[PDB]
Structure formats: C-alpha cells, structure tokens
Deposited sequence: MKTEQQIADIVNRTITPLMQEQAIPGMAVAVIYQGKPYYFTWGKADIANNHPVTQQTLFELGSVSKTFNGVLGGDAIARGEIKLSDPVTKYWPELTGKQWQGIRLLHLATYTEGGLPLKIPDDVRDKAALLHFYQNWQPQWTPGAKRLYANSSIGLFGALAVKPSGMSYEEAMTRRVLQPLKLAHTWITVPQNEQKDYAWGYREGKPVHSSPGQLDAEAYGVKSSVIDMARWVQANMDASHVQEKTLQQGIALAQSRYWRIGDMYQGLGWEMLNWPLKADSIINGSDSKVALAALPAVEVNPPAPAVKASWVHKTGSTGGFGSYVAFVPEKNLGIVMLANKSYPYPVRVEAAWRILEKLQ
C-alpha cells in the first residue's frame, strides 16, 4: 500500500528524466490510486513569459477529445435518440452518394466506414466544402471490413449524433457531459478569462496553438486541466455514483467492445486491451487492419487497460486506466513526443502501484 510520498517518488522518478530526454517544457500528471486523484506538475506552460504549469493549466487534449465524443454518443444511445445500427443518411440526407448506403453510425464511430482520410483537408472550410468532401469520397473497403483510424469518421459521428437533441456539439457536450460531471475547466473554445491558463505548445522550440478546423471539437479540439482530466478518468473508470442514468450508461457503452483488431478492442473513443498485459503489447496503430465485429457489443470488463492517446502540433496527451484496480493515469505535456514513450512511462508508473 503506497503513501502519497511513495506515489510522488514513483511518478517523479519516471517523469523527471522523461522531460529532460524529450525536452518537454511542461507536464501535468494525475494518478488515480484507490480511486483518489494525486496531482503533479513540473515546468513551464509558457517558456518566454516564464509561466509555470499549475493544476489549472489548460492543455490541448488532441485526439483524447474522441473519448468525450464517445461518451456523448453513448449518452445519446442511452437516451434513445440514435442507434448505432441507424444509417448515416438518416441524420444527413444530403449524402445521397451510393457509396454511403450501408454505412451506419457504428462505422463512423469506430473507424470502420471503409477508409475516410485521416484529416479533413485544409481546403474544406464550410458546410458546402464539407458535404462535397464526403459526397465525393470513394470508399476503399466495404463497411466493417477494416479499421482505419481517422479524425474525419468519428468527427462526423459526433456531429450527427447530436442532431436529434437539436443542440450543437459544443452545447450538447457542455449540457450533457461536462456540466453534470463538474468539468468546469474543459473547453472547446477557451474563454477570454481563461486564456492566461492556456499553455503554449512547443514544436521545434517555438510556441504554437492548434488552429480551428472543420469538425475539430469532435475529433481533436478539447482543452482541459489536469484536475478535470483526473475527474474524467475517475468517472469513466467508475460511474457508479454518476447521478444521470443516461450519462452513466453512456460511459458504460463507450467501454463496450464493438470490434476486435488483434489484441485491441474498439470502444466509442476509448480503446481497450486485456489486463494484465505486457508493456510491449501496448508499445501498427496508423495501419488499416481487418476488423472483427463484436455484435452485440460485449459489455465492459474490469480486467482491461482502457486508454487513448492524442496529439496536436504542440501537445502530447495520454490517458489510461485499469478498472479492476481503481487505477489510472493522466499525462499532459505541451510538447508532442513519441507514443511508445508515453505508453512506457504510463506503464512504468502504474506497474509500481499494484
């Protein structure tokens, strides 16, 4: 059983050389141990203006934004507004291209739609460009054949998922997920009064923030603090005291297993592997692989490693938890650094907290 000092000594002994080796300017880390968050901060949120990382510092979550997407989508399922078996064209009729018949919300939500591009092109800047973009996309595989990770599929899923509620994605995410969970420092658009807490990302030694883009809120655009992300991991790990019945089940649905791709199972936003597992088995994510459908989706199991990585131009994020142990970690950095380094550091910390 670890004391808070033993936790701090473990986390520092991993993060301190990591930040020097990767030249990370600032990091915020939360460990969930026995269900309780422990907070750690090092370095600068802004090097030139000498602003330290605090527990309020806002980091670009990058693709960890897709976990908020999944939970809001699972919430919509629980409300009865959508079903994953529903066709895409139900919620966007102007998608009359014959290639869209047979594509369901399930596919956009789990990257199995047949091969949408990784990013929405920079050319696309309004509804017309975006509708034209999807209308003229030619699939590479039949729906459900392969998993190909992308922003453009789960990004569209989140925008369509919220149409029954009659609410925008930002508004729905705020009303149905952020506010009920008390995530008061998690933003799609950082308010004026919070700009000063918005850390700068660093790429090649220069400060950068990500630029807006079509479907950015749904795929990569959430900013948040280490305290909120600790609460976000807490709630996804154990929603047993979430009061909203639909949000509680949405969290459960997001950790259901919808597809098997080797040793990994695709949730809604979240990804899972069986626990316990070797570090090397987490350490080709950008490759298209055959997807085996799990139908019905298998309910969540405690003995899993639930995680999501995210990156922007100037930030690297990683969150991971193992529900069987009430154990989890949030890793926020204002520099993008290699994915296997995050996994290895997360594993090293959580392996000593057994």
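What the model leaves out of the deposited chain is one segment, 284 to 289.
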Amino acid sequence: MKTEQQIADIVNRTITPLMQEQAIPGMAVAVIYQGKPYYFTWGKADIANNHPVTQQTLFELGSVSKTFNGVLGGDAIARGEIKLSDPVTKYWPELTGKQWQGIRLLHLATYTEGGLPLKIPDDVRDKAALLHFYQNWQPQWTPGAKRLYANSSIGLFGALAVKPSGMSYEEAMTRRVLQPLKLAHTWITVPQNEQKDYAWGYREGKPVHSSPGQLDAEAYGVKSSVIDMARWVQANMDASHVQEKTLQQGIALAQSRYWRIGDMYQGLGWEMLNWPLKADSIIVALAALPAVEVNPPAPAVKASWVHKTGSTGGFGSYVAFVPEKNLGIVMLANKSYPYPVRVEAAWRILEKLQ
From here on, numbers count along this sequence of modelled residues.
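When the C-alpha B-factors of 153 to 161 and 240 to 248 are averaged, 240 to 248 comes out higher.
Between the stretches 164 to 172 and 197 to 205, it is 164 to 172 that shows the larger average CA temperature factor. Within the selection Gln135, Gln266, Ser224, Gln234, the deposited Cα B-factor values reach their highest point at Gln135. Looking at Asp228, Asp280, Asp216, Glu271, the one whose CA carries the top B-factor in the deposited record is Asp280. Ranked within its chain, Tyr258 lands in the lowest third, by CA B factor from the PDB record.
When all modelled residues of the chain are sorted by CA temperature factor, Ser211 is found within the middle third. Placement of the Cα temperature factor of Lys127 within the chain: highest third of the modelled residues, per the deposited record.
Among all modelled residues in its chain, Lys90 ranks in the highest third by Cα B-factor. Ranked by Cα temperature factor within the chain, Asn50 sits in the highest third according to the deposited record.
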